[PDB]
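1. Quick one, structure for this:
(one chain, ligands or ions: 1)
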Amino acid sequence: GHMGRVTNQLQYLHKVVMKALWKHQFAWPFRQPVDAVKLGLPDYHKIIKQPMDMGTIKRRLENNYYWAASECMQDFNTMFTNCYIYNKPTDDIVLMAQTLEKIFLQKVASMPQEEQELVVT
Ligand SMILES: Cc1noc(C)c1-c1cc(C(N)=O)c2c(c1)c1ccc(C(=O)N3C[C@@H](C)O[C@@H](C)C3)cc1n2CC1CC1
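-> Numbers count the residues shown, from 1 in each chain. The structure is reproduced below:
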């Protein structure tokens, strides 16, 4: 019971935002879902109810899964927040998320302000 589309903001999130974040030095733990068995975190899925990662976001952008840019921005917010709330403040993963979230926020500030659907053939 869901469908997506191509908007100017969603295209910006794919072509500008995801391009800057995907290739970053600190992106590698965020490129695929948190593997709690590999990491030895048996409480992860008890605490985190909505896991999210950049690989899922990228795939969703490529397959036009989102109806609006706000849904994609929520996925980014969830991914960063999951990381901060679950982990210890002294874990380096926290600083890696902080570095990427700062880039994310700056790019969102430069996004075209009004959401419009595009005709993409
Ligand atoms: C994100 C995130 N939020 O909370 C946590 C915890 C995470 C989060 C998520 C993942 C994941 N996606 O499963 C994850 C890590 C942290 C993580 C930390 C360290 C190492 C590690 O020790 N390495 C790998 C490095 C390439 O080389 C070293 C030599 C050894 C692997 C890790 N992975 C595995 C991923 C590479 C596939």
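
2. Helices of this protein, start to end?
-> Using DSSP state H, the helices assigned to the chain run over residues 8-12, 19-22, 36-39, 44-47, 54-62, 69-86, 92-109.

3. Determine which stretch of those is the most buried.
-> Neighbour counts (mean count of other Cβ atoms under 10 Å) averaged over each of the helices of the chain peak at helix 8-12, with a mean of 19. C-beta here means a position set from N, CA and C on the backbone, and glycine is covered the same way.

4. Can you show me the CA trace of stretch 75-90 as CSV?
-> Coordinates of each C-alpha in stretch 75-90 appear next as CSV, following Å, rounded to 0.1, in the frame of the first residue of the first chain:
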residue,chain,number,x,y,z
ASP,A,75,15.5,7.6,7.3
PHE,A,76,18.8,9.6,7.6
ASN,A,77,17.6,11.0,11.0
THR,A,78,16.7,7.5,12.3
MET,A,79,20.1,6.0,11.1
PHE,A,80,22.1,8.8,13.0
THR,A,81,19.8,8.8,16.2
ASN,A,82,19.9,4.9,16.4
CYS,A,83,23.7,5.2,16.6
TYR,A,84,23.9,7.9,19.3
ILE,A,85,21.2,6.4,21.6
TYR,A,86,22.4,2.8,21.4
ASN,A,87,26.2,3.4,21.8
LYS,A,88,28.4,4.6,24.6
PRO,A,89,29.5,8.3,24.4
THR,A,90,33.2,7.2,24.2
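
5. Now find how far off-centre it is within its chain.
-> 11 Å (Cα atoms, centre = their mean, to the nearest Å).

6. coming back round to it: now tabulate the helices of the chain in TSV and tack on distance to the ligand.
-> TSV is the format used below for the helices of the chain (distance: least, Cβ to the nearest ligand atom, whole Å):
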stretch	distance to the ligand
helix 8-12	24
helix 19-22	13
helix 36-39	6
helix 44-47	8
helix 54-62	9
helix 69-86	4
helix 92-109	5
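
7. which residue is nearest the centroid of the protein?
-> In the chain, the centroid-proximal residue (Cα atoms, centre = their mean) is residue 76; its distance is 3.0 Å.

8. contacting residues for the nearest residue to it once chain neighbours are set aside?
-> Distances taken as Cβ to Cβ, 6 or more residues apart in numbering put residue 104 closest to residue 76, at 5.8 Å, once the chain neighbours are dropped. If you count contacts by Cβ atoms under 8 Å, 6 or more residues apart in numbering, residue 104 has them with 17, 21, 76, 80.
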